[PDB]
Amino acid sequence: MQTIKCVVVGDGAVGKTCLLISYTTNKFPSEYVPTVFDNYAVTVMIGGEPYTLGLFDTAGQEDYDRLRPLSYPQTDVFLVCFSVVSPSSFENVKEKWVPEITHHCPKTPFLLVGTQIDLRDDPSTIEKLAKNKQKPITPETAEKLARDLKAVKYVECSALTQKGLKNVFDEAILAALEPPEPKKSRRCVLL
């Protein structure tokens, strides 16, 4: 059977878990708890074909830097997430996350994923950012980093409203399939 392994990575609290849950269950998680490691699954019907999407949740804390690489093997595509309202989480995409996966999975595709876009209109949020003379990341800025770092695409979403949620995964599915070279050439390998 054709299984698609997708591994989600990125700073802590950006919403990795929330998007995996909201997507797969249409329910937004209320709890505030850090993710050590987890993996969900879903059968998708694209092109009229049955595809199993294996989703892998990981810990963004640097404390788990040695345990995270354990979920990489056999990955078909990476979802590198950052919060559109956390400039630093966007920063760590080039300073840490992209460097990490390309060092472990040189041949594996990855999509830049901006999360929590609904928060671009949050009164409290915008003000805390300006308080530090900062502002949210615009789609245009992200799209540029996307190209610069050779990401397949830039997509964003709100796990809360699900705006652009399904689409993120659709593109994540196409990225593992659509290419002409065999699915094998993109699957990660240890060492």
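Note that residue numbering follows the sequence shown and begins at 1.
- On average the C-alpha atoms of 44 to 52 have higher B-factors than those of the other stretch, with 129 to 137 and 44 to 52 being the two compared.
- For the two regions 158 to 166 and 119 to 127, the entry's Cα B-factors average higher over 119 to 127.
- When the C-alpha B-factors of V9, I21, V14, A176 are ranked from the entry, the top spot goes to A176.
- Among the modelled residues of its chain, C105 has a C-alpha B-factor that falls in the highest third, as given in the PDB entry.
- Ranked within its chain, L149 lands in the highest third, by CA B factor from the PDB record.
- Residue-level temperature factors show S88 in the middle third of its chain, judged at the C-alpha atom.
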